[PDB]
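Visitor: experimental coordinates follow, after the sequence.
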Protein chains: 2
Amino acid sequence: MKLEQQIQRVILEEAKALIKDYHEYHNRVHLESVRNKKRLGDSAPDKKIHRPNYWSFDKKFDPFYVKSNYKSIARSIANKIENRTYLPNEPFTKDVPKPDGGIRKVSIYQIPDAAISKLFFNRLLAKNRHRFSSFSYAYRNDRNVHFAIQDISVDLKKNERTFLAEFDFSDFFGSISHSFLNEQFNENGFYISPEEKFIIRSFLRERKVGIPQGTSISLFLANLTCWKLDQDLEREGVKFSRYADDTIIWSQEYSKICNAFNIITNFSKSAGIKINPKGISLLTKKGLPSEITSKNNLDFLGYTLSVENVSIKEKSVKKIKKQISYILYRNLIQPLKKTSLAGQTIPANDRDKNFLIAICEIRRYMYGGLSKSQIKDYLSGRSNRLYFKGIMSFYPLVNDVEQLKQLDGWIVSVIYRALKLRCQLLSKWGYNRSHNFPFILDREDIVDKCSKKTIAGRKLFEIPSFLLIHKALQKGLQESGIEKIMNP
Amino acid sequence: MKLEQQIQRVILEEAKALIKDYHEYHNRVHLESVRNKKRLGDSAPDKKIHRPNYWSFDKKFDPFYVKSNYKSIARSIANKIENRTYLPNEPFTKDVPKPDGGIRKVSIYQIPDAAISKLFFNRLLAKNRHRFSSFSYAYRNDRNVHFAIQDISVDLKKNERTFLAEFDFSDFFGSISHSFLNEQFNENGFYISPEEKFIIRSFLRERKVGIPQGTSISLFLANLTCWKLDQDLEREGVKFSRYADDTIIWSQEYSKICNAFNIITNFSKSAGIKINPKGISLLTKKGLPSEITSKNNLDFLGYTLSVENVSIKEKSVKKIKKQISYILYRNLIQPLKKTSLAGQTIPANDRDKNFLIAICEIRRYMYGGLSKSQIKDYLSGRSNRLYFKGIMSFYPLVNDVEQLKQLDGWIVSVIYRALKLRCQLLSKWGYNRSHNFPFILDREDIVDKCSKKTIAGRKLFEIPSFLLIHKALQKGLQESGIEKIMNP
RNA sequence: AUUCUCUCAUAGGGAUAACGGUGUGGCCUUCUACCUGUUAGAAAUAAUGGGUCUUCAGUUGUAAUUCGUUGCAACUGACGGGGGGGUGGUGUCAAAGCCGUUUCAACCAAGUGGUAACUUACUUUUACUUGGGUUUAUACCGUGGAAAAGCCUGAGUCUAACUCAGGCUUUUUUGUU
RNA sequence: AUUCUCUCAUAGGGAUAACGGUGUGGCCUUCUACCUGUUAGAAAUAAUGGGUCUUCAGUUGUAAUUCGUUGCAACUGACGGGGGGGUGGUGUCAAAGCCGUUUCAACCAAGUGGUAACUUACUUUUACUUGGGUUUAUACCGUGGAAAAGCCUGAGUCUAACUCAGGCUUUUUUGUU
């Protein structure tokens, strides 16, 4: 297995995956444009298939070109690696505003360079896995971050008073002396072959200072740089998790968190670059007071973790409500707020097709398309497996039944109100349909009536409920674990 | 995928693997009996193919029978699990003397019971991995124990003064209250489904107190039982590793290790059972003195780990010397110490076939059959891969060049002496062969002369050297990691 | 050309129109309680078309119990928010409260100084689609072929005007279907 | 029978001799520096049969250098234990030492009170074999078939002795080869 063959394999697979993604993109756009023509009638806009802009910045960004000449590309890359002259091209970078007001520098390396990064740094991470800390993650969408969440959640329950502290490592990775990184190469038992060291130094040479964030090589260089910080924090007895440019350190003692603050400062001085807290607080059982500045809720990604429950962050709930509300608006209000209703099917005969489309869209967003019969078959024992998709697949550790119950109420209320305004607009256009099924149900009757309706023998009107799929999530986490439900 | 199909799959694979092992056993016995006939002439004994004795204690121990009726076996097992009446049969247990004077209770569950144990407890371990400690192992032959060794080794180098302590958990697992285990079932974020809880309780019910050791279910129940001991020790800042019924806890502080002793005692009291040290010492750079009782070497499995190097334990070096010495004795001395030399080829014509057989046996035991040309091809860059087998595959973390150099000298000296006694015995029989190649070389000439000799164009007389394959092992650890060399 | 093939190959050459995918339905097969017409049939069932619950907690009875708990009834306790404006009881010495009655509100909004819009969208990542595989129809990205229309340039007769040649843009059918 | 197939199946029924593997060599193909006969051949190489090194550290010169370091020479520094008995120099006021010279020792043994044995072996596990896959020969575990020998039991003539039937043990060839 020569290096050229490995490069050819990896580059071909990366380009093939990107080509499959583009194909599915334009196919999806066409299907959506068919449905949008049906929805918005003549007013419906026309399809506009885009191509990722960076594809034109360089030809090796474009997956199709790379697939065209991946053998030559890999041939030259292999020669460059063997002659120790390889240097990755410039990543197409785009700095993006962050909610704190900073900039998250997105970096897209060209397909050959990203293929090399995966091929080498995945091997390095696999071979040095036991040398790294437990909860170190590179992306904030990393599925395995949920394990860290679990840990903190468990502690926040068992420890009824936990001192926490949060930190931002953005400037560390933006400007970390490459000398420090190169010093760490032969410490802590790391196994980095000479060629792997050359590739590391080459990706660092294409850069000048800092580690490229949100990339294949991010996790390795981050763990390699932060190995001593992890070791000191582990000796202090503090528990910690780094995700992307954030770090959370929790303990049952105040002295420990203060000593961790000192450790982080000393490691920053050793690095020649500073780490700044977002900073320090105490989480306690709700109702119980606190001595230091305290907060009874911690925002960990899309989770609010408290000593009592794990819930969905308020921003995540607002986003879920935004998506459901826009589904109902797009399907039941927007088409009827257009200048003309030419080619827009009007609800009649006790059938509103737009309402079926909206309910199914909400079910896909929430359940993934599961029926309440399927979820109950899984919850009873009839079914030995349920596919977990939709929004709740991203919040598998939620255990706040009240939040889900409130969202159920909100879904029903918004369905009623949107249907009511749809009736109002329809009557404005000239169609009186208040007596028809979609518009006659009271809010306290929508769920029952919809549960009873059946089209094609399948109950496709049942209003999706968060609590049912939450029960299913709990059973599936007691049966498979986080990893299985997050990815099947 | 129904439970019966899963059970059939696992039982069939277990039985099939055991049948493959037996087939290879008797085939090896035949090949060895051919070679032994050629070696010991008429005095060579006759073949005696055995069958594992426990196969006759019950018919479900025998792989052939289990393969005969694995469908009915799995059918009944699945019904028993679904009706919550399944109880594993009695393991064929055999207490064995331990070097400390204790008894290691070997337990072999019947093939269906062991297949169920794997099927369920491997799933449990996979789904609760991140809830367990890093260096927790069930068997002392577990390959991954080497990672824990790496950790301690690294610390013992970086920390030039390390307080260590060792403990024996044998009585803990021999008698642990099953109530304590059952209490831990719903703590620490563990995910144990009701059926997995039933299987755990069933294997515990077949037992009365204690966890069956050296079994598929050992690691899960041990980690589930010791999870609070691990959490307490991790909060104390002590690092630790449990392997089978042993635990090593190390720190850079004396207070920490004493507090760990207190933690272990408290956990013992909570368990209703005592954990006793083998106990406490300081490892320091050689030459430097110590306050407390100190030792500059720690025996971790077949390793002696010191602040300066990782070496092979003295018992392991004795075992290696025993194997090499017996190879030379069996091939070059034993045949000639028989009553008659009927059918035993006598060295002549400057060719001793027995010496070729012995050198090749030593090469297999040491290198795995590698030629020095192959190892140097790998060490130069010519070859991109070398298979790592033989004795040194079990000691991949050795970095003591002096020990290997001394073993090289010992190999050459023993070869010279065994060949000399072979010449003496041959002359006693009537064959004068001191002038011939095998018996004319001085000890300072054996390696060179043998290196030059070639049969079939391949240098099969070269005296195997530990230092060459040690260099190869270091390169393969910097190129692949522990896991890759340990198992290809 | 995103196909196929050559160059000591992160770039350049050629040769052919194909390659790569998407929704629906079909078979295969993974797992799926009960009651039912009506088709076959001798009560063994299968495809079909209609319907019901299916979860969690406690109490009690019962059986096992290695003293963690476990199977079965069978009774109730939850199992679809919040807010604004009016309005009845409560429920107190007033009043918080909290029971219910009607209207308003597509969401953010239980809020902004104000409240609309938006899904190929905003974004620290807010990210994914209906167990696995394969073929009748409707398709899709690019490329190729054909036609039509418009514009520009050049040439011949030449006042006009007509004809031809080249280039550019747009729109339609197909070989993958 | 360890093969194939049936029983509401951790157990029982049947039907056939096969099933499951091992060493060697062959092709396929994964990676492999240099110099060479002698076979083909027009110097392009291929199968073959002989040979050499291939690692690490420092110094110095040189080129790059984001100031971690990196490519290339080219010089030396290691790159095959220990012990017992004699014996020479050193190397000191003696002496430890430590240079080398010869003998003894299969290992443990640089030790036990003593020193032999052992590999289907001892054992806390001291545990594995030659990159992946497949077919000419030599085989293997079990099972089946055939023959021979020995022993026991029963029956017929019966003093003996002979014949037949049944059971048990052992050893040899084969269908997988």
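Guide: All right, it came through fine. Residues are numbered from 1 along each chain as shown, chains lettered A, B, ... in the order given.
Visitor: name the helix or strand for the residue lying closest to residue A:178 once chain neighbours are set aside, please.
Guide: Once flanking residues are discounted, residue A:178 sits nearest to residue A:204: 5.0 Å by C-beta to C-beta, 6 or more residues apart in numbering or on different chains. The C-beta positions use only the backbone N, C-alpha and C, and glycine is treated the same way. Here residue A:204, judged by DSSP states H and E, is contained in helix A:194-206.
Visitor: tell me the buried residues in that helix?
Guide: A:196, A:198, A:199, A:200, A:201, A:202, A:203, A:204, A:206 (16 or more other C-beta atoms under 10 Å in any protein chain shown).
Visitor: what does that helix rub up against?
Guide: A:81, A:84, A:86-91, A:116-117, A:120-121, A:123-124, A:178, A:181-182, A:185, A:192, A:211-212, A:217, A:220-221, B:478 (C-beta atoms under 8 Å, 6 or more residues apart in numbering or on different chains).
Visitor: how much space separates residue A:254 from residue A:157?
Guide: Separation of residue A:254 from residue A:157 (C-beta to C-beta, to the nearest Å) stands at 20 Å.
Visitor: which one of the two has more residues nearby?
Guide: Of the pair residue A:254 and residue A:157, residue A:157 is the one with more neighbours under other C-beta atoms under 10 Å in any protein chain shown, namely 18 against 14.
Visitor: surely the more buried one is within a strand?
Guide: No: the assignment for residue A:157 (DSSP: H, G, I helix; E, B strand; the rest coil) gives helix, which keeps it out of a strand.
Visitor: dump the residue contacts of the closest residue to it other than its chain neighbours.
Guide: Spatial nearest neighbour of residue A:157, excluding adjacent residues (C-beta to C-beta, 6+ apart): residue A:307 at 6.2 Å. Contacts for residue A:307 (C-beta under 8 Å, 6+ apart) come out as A:156, A:157, A:160, A:162, A:283, A:284, A:285, A:286, A:296.
Visitor: residue A:307 should be in a strand, yeah?
Guide: No: counting by three-state DSSP, residue A:307 is not part of a strand but coil.
Visitor: so which residue of the stretch 101-250 of chain A comes closest to chain B?
Guide: Nearest residue of the stretch 101-250 of chain A to chain B (C-beta to the nearest C-beta) works out as residue A:127 at 3.4 Å.
Visitor: how many residues are close by residue A:57?
Guide: Residues near residue A:57, counting by other C-beta under 10 Å: 14.
Visitor: contact residues of the stretch 351-488 of chain A facing chain B?
Guide: By the rule C-beta under 8 Å from any C-beta of the partner chain, the part of the stretch 351-488 of chain A lying against chain B is A:384, A:385, A:477, A:478, A:479, A:480, A:481, A:483, A:484.
Visitor: now a PyMOL select for only the buried ones of the residues you listed.
Guide: Buried residues within those, by 16+ other C-beta under 10 Å, are selected in PyMOL with:
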select buried, chain A and resi 477+478+479+480+481+483+484
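Visitor: out of the residues of the stretch 351-488 of chain A next to chain B, which comes closest to residue A:142?
Guide: residue A:483 (12.0 Å; C-beta to C-beta).
Visitor: that closest one contacts residue B:130, doesn't it?
Guide: No: taking contacts as C-beta atoms under 8 Å, residue A:483 lies outside contact range of residue B:130: 9.1 Å.
Visitor: one step back: now, the most widely separated pair of the residues of the stretch 351-488 of chain A next to chain B?
Guide: A:384 and A:483 (18.1 Å).
Visitor: need phi/psi at residue A:246.
Guide: Backbone dihedrals for residue A:246, given as degrees, to the nearest 10, come out at phi -130, psi 150.
Visitor: follow-up on the earlier one: from the contacts of helix A:194-206, list the ones also adjacent to RNA strand D.
Guide: Among the contacts of helix A:194-206, the residues lying close to RNA strand D (C-beta under 7 Å from any atom of the strand) are A:84, A:178, A:182, A:185.
Visitor: just the buried ones from the residues you listed?
Guide: Buried among these by 16+ other C-beta under 10 Å: residue A:178.
Visitor: now, the ones next to RNA strand D among the contacts of helix A:194-206 that are in helices?
Guide: A:178, A:182 (DSSP state H).
Visitor: need the max-distance pair from the ones next to RNA strand D among the contacts of helix A:194-206.
Guide: A:84 and A:178 (17.3 Å).
Visitor: looking at chain A, which residue lies furthest from center?
Guide: residue A:430 (44.7 Å; C-alpha atoms, centre = their mean).
Visitor: tell me the spacing between that one and residue A:336.
Guide: In terms of C-beta to C-beta, residue A:430 sits 11 Å off from residue A:336.
Visitor: which of the three states applies to residue A:247?
Guide: Residue A:247 ends up strand, using three-state DSSP.
Visitor: neighbours of the closest residue to RNA strand D within the stretch 1-150 of chain A, how many?
Guide: Nearest to RNA strand D in the stretch 1-150 of chain A, going by C-beta to the nearest atom of the strand, is residue A:2, at a distance of 4.1 Å. Each residue near residue A:2 was counted by other C-beta under 10 Å, and the total is 10.
Visitor: could you do residue A:397 as well?
Guide: Residue A:397: 20 neighbours (other C-beta under 10 Å).
Visitor: correct me if wrong: it contacts residue A:149.
Guide: Yes: Residue A:397 is within contact range of residue A:149, at 5.8 Å (criterion: C-beta under 8 Å).
Visitor: just checking, what packs against the lengthiest helix in chain A?
Guide: Secondary structure of chain A per DSSP H: the longest helix is helix A:3-40. Helix A:3-40 sits against helix A:63-68, helix A:70-82, helix A:111-127, helix A:353-366, with contacts defined as 3 or more C-beta pairs under 8 Å, 6 or more residues apart in numbering or on different chains; DSSP states H and E.
Visitor: what's the residue of the stretch 1-150 of chain A closest to RNA strand D sitting at in phi/psi?
Guide: With angles defined as degrees, to the nearest 10, residue A:2 sits at phi -80, psi 160.
Visitor: and residue A:165, what element?
Guide: strand A:161-168.
Visitor: packing partners of that strand?
Guide: In terms of contacts (3+ C-beta pairs under 8 Å, 6+ apart), strand A:161-168 is packed against strand A:246-251, helix A:254-271, strand A:280-284.
Visitor: now that strand: how far from the chain's centre is it?
Guide: Here strand A:161-168 is found 23 Å from its chain centre; the criterion is C-alpha atoms, centre = their mean, to the nearest Å.
Visitor: heading C-terminal from that strand, find the next helix or strand.
Guide: Scanning forward in sequence from strand A:161-168 by DSSP H and E, the next helix or strand is helix A:170-174.
Visitor: ok, and what's touching that next one?
Guide: Contacts for helix A:170-174 (C-beta under 8 Å, 6+ apart): A:102, A:104-105, A:209-211, A:213, A:218, A:222, A:225, A:245, A:268, A:271, A:273-276.
Visitor: of those residues, just the buried ones, PyMOL syntax please.
Guide: Selecting only the buried entries of the contacts of helix A:170-174 in PyMOL, with 16+ other C-beta under 10 Å as the criterion:
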select buried, chain A and resi 104+105+210+211+213+218+222+225+245+268+271+273+275
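Visitor: now narrow the contacts of helix A:170-174 to whatever sits close to RNA strand C.
Guide: Answer for these near RNA strand C (C-beta under 7 Å from any atom of the strand): A:104, A:245.
Visitor: so of the contacts of helix A:170-174, which ones are in strands?
Guide: A:104, A:105 (DSSP state E).
Visitor: of the contacts of helix A:170-174, which belong to helices?
Guide: Counting by DSSP H, those place A:218, A:222, A:225, A:268, A:271 in helices.
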